[PDB]
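Here the structure comes first, spelled out in structure tokens, and everything after it is commentary.
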Protein chains: 2
Amino acid sequence: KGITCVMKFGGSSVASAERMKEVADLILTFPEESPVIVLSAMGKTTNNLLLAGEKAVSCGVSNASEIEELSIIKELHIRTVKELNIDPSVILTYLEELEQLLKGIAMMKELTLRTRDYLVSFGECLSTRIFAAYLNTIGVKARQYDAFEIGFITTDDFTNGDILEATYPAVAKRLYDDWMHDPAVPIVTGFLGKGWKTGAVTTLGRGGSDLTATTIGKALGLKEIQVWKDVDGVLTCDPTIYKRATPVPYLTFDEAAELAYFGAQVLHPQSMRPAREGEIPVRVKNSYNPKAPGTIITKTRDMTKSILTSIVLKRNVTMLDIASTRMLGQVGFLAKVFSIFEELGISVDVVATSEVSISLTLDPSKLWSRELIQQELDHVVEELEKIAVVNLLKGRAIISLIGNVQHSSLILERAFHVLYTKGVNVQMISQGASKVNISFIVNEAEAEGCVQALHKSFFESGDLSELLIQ
Amino acid sequence: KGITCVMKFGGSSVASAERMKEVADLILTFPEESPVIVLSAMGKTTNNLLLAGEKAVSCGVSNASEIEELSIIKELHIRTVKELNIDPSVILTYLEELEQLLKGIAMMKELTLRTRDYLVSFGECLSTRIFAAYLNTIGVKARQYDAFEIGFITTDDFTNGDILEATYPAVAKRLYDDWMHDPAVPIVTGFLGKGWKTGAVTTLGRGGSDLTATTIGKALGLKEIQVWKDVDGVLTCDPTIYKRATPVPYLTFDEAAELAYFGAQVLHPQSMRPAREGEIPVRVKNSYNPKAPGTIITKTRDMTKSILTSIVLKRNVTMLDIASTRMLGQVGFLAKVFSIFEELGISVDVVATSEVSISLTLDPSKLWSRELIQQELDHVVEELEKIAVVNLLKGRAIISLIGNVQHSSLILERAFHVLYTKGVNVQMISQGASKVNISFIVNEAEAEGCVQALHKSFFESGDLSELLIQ
Ligand SMILES: C[S@@+](CC[C@H](N)C(=O)[O-])C[C@H]1O[C@@H](n2cnc3c(N)ncnc32)[C@H](O)[C@@H]1O
Ligand SMILES: C[S@@+](CC[C@H](N)C(=O)[O-])C[C@H]1O[C@@H](n2cnc3c(N)ncnc32)[C@H](O)[C@@H]1O
Ligand SMILES: N[C@@H](CCCC[NH3+])C(=O)O
Ligand SMILES: N[C@@H](CCCC[NH3+])C(=O)O
Ligand SMILES: N[C@@H](CCCC[NH3+])C(=O)O
Ligand SMILES: N[C@@H](CCCC[NH3+])C(=O)O
């Protein structure tokens, strides 16, 4: 019969040899299944590599081997080899290479996007190699795969490699030929690709390893794509904010796009496209409860019992207000406003309007590498102040209500009633054409309290059917 | 002993000799007041002039004398002169010219924005001259003023002439030299100005005659600027839609900027600026109820007991939905989207977003000269369809809630409760940073019934003092 499913594992699932032992244990929980494993770098080593890169640019040549992130990375992997009882030879070569590259960066005081992609590639290259070797140690015939060396073909822009159509038949042929010759559990690298023109190593951008998994899924026409987490799938809210988060058994690919990336930390909208096209359900599973259903994401689901699906919190968002009387009935003000943002390399999140104003939220900082500094903020405001009365408000927060659009008025009446009870007034509201997501801009300090109250009202007040029938 | 105030009158107020008689009666109602009168063109002549322009472009030379709109404008003014019993000479010369200008357009088959401004200038030029002559007929010493001849100094962009700072000193000086020499009631053309470097006749764009009134106000430092209508000021909604519309006694310049243009048909936001910076209250009065207060627009007002201010309806709007998985975390998607619109000469109104979509609504057609034709839409969609999945939805409507931002949640709980009762789901919601204006996108067919319901709940349910206190 052959290959059955793809299993994707994030950084923290393989943060140590001990965690790696859990993953291996999962594979052996389903021997009636023949999976493809997709691994990220060992928890936090991807971030560590990038930090090492930036540090290298300006530390000096004679002390690139001293960069802390380098010895953090070196030691994690040496130690993981020891603990799992692997031949350290292969990993030691890759680590010496890593140090060499950083000596290169330090010498040149230069770090291009092309180099950045190469740097991070060590991460999952080390990951998959350690894990594959370990499986062979414990009797599991396994083969490690560098995505960029099988059929993963992308464009040649680096931080954001776009998967090209020729990937699907190339990957399918490569993984199939190897499996039929002699079957071994494929252990494939995360957010990596080859790139058409340069041949250089590429990262898949946002929704990295998830995209790798979904791509494999479509290429091999598998029955489902599985994404593993430490909680029971997608939850009604973030358990960090409020302990009473409950699992959400069924999602729609559409609902997921509005939810899974900021609600869970998985399945960026771009990653689910190969699964939407191939019509392959995506499942989010708990590695601490692997026999449980989790969350299936499909094209459609039974909405009969559906009122609210989940609550989402964005924290510490910067809001801008852009007011001008000239706006009303003028062509090209919106074009000018967002052009300024594009010129200054800033991505904007939420947008709302009035007759004489446009209001903004900038992407949450956690979506990027750094918070914007006062310089960069004073720069947008000055540029904007040429055409409008501008006003900047730091320390705000977004609450997103993801629910069944057929009961929007029901949702909103209840929601604002709750906020009214607490004396909370939403500063900014934005919902698009019958979209499942509606955003409230609130103060950072009152956000958690609001989320908890909203959760109590929607998910802890029993079955919500006051719903008008006959 | 000095000019005391400026009174502005719209087209319908001077649509005929009979309506003009009402205006003169208003002037004589306040002999203890010395007004400056700002007149629009005789109801619908402005539109008729523009219509005559378009027709001239392609009817042929011999036929220009027979343009329907030209025949209408000729007889209205000839007949008005007849009834007011004035010397027809001045008017007859101006009508000769008008026919000559159209004969020119007809020959050349070209209508520039420069000509367009000259064409419409005849409206107020006729209007003011008839009224001025009539006042002198009945014992009211009066002097007609062409705005472009008294120091309304403007930029040389035609459809949208911008008032330049040199206007205030020039106008105050010209209007005072004439009044001190011998006092007469000034009758000024409303929609007009003179280009700085062309010396050519200019129209003030949106804001129109209202702007002329407020400009004169600031220039002469008067106590108030009065805008005349046929109803008791600004109402709680449009009486055309629901009979129970009630006067809104007090308004804020900010509230007015979100309300007056679409709620009433007066005071475009750009027209209130000279009154804002000059710190002069604007009053909206009823010509059928002249001793009544109406609506005073001031910097600030007593917000105690203020909950909802007014409900606004925008009929027949076109909504667009623009969805892409790529925009989440991308710089410049908003910049491109609205660039397309700018390149296609279209002004967008309401905007909202989701994690992977941006939705928007196009300026209501009444704000323009024509509705967008099916071809023009298909081009917007095609252009947008290159970067996203696009959906066009005709036959929607906007309900705008203008209220007290301090009771946002209260207002919203109630509103959505009403909508839920009716079984209505809002398709798109948009409120900017603590703005008084929140917009719902609804279906055109259900809109009117919704407005009535909302009005019943907010303005007819008695005193709405159930606020959280101790
Ligand atoms: C603002 S531009 C940098 C300035 C300039 N364009 C350049 O490249 O030299 C991007 C930087 O700001 C950070 N950043 C923080 N918030 C951002 C946002 N909302 N959109 C874009 N970049 C953001 C990113 O991590 C990145 O380091
Ligand atoms: C949209 S452009 C016409 C498109 C044409 N291809 C061009 O570039 O000149 C302006 C015309 O469309 C009409 N129009 C209707 N709705 C409009 C809107 N929302 N924004 C701009 N123009 C609009 C105006 O009356 C005006 O006559
Ligand atoms: N795969 C790397 C970078 C993030 C990719 C997101 N799937 C890691 O988690 O260490
Ligand atoms: N490209 C857009 C991204 C946001 C799209 C709407 N959620 C920007 O520059 O901010
Ligand atoms: N004079 C025209 C237009 C004035 C400007 C209106 N915005 C009228 O009769 O209303
Ligand atoms: N300049 C904007 C006008 C609308 C601004 C938002 N209310 C446009 O091009 O559509």
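We're sticking with Swiss-Prot numbering for chain A, so the shown stretch reads 84-553, in order.
The backbone N, Cα and C atoms fix where each Cβ goes, and this holds for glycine too.
Annotation source Swiss-Prot lists ATP binding site at A:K91, A:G94, A:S123. Long-range C-beta contacts of A:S123 (ATP binding site), restricted to its own chain and to partners at least six residues apart, with a cutoff below 8 Å, comprise A:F92, A:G93, A:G94, A:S96, A:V97, A:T129, A:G206, A:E207, A:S210, A:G273, A:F274, A:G291, A:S292.
Over all protein chains present, the Cβ of A:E207 (substrate binding site) has 29 other Cβ atoms lying within 10 Å. Secondary structure at A:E207 (substrate binding site), taken from DSSP and collapsed to helix, strand or coil, is helix. What Swiss-Prot records for A:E207 is substrate binding site.
Secondary structure from DSSP puts A:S437 (L-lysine binding site) in coil. The L-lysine binding site feature in Swiss-Prot is assigned to A:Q413, A:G415, A:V431, A:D432, A:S437.
If you look up Swiss-Prot, you'll see A:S430, A:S452, A:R453 marked as S-adenosyl-L-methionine binding site. For the recorded site, A:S430 (S-adenosyl-L-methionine binding site), the DSSP three-state label reads coil. Listed in sequence order, A:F424, A:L445, A:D446, A:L450, A:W451 are the same-chain residues at least 6 apart in sequence whose CB falls under 8 Å from the CB of A:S430 (S-adenosyl-L-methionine binding site).
Among the features that Swiss-Prot reports, domain 'ACT 1' is placed at A:405-483, with the record citing sequence analysis.
The sparsest Cβ neighbourhood within 10 Å, among the listed binding-site residues (A:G94, A:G415), is found at A:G415. Residues in the domain 'ACT 1' (A:405-483) partition by DSSP class (helix H, G, I; strand E, B; coil) as 28 helix, 26 strand, 25 coil.
Around A:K91 (ATP binding site), the C-beta neighbours below 8 angstroms that are at least 6 residues distant in the chain are A:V121, A:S292, A:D293, A:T295, A:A296, A:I308, A:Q309, A:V310, A:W311. Distance noted between the C-alpha atoms of A:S437 (L-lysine binding site) and A:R453 (S-adenosyl-L-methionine binding site) is 31 Å. Here the binding-site residues are A:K91, A:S123, A:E207, A:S452, A:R453, and none sits under 8 angstroms from chain B, going by CB atoms. Same-chain neighbours of the S-adenosyl-L-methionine site beyond A:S430, A:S452, A:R453, judged by a C-beta within 8 angstroms of the site's C-beta center, are, in sequence order, A:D446, A:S448, A:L450, A:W451, A:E454, A:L455. Among the binding-site residues A:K91, A:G94, A:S123, A:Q413, A:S430, residues whose Cβ is positioned under 6 Å from ligand 3 are identified as A:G94, A:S123. Contact annotation for binding-site residues (A:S123, A:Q413, A:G415, A:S430, A:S437) versus ligand 4: A:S430, each with CB under 6 Å from a ligand atom.
Of the listed binding-site residues, namely A:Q413, A:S437, A:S452, the sparsest Cβ surroundings within 10 Å are found at A:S452.
Its own atom aside, the Cβ of A:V431 (L-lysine binding site) has 21 Cβ atoms within 10 angstroms in the protein chains shown. Cβ neighbours within 10 Å of A:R453 (S-adenosyl-L-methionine binding site), excluding its own Cβ and spanning all shown chains: 7.
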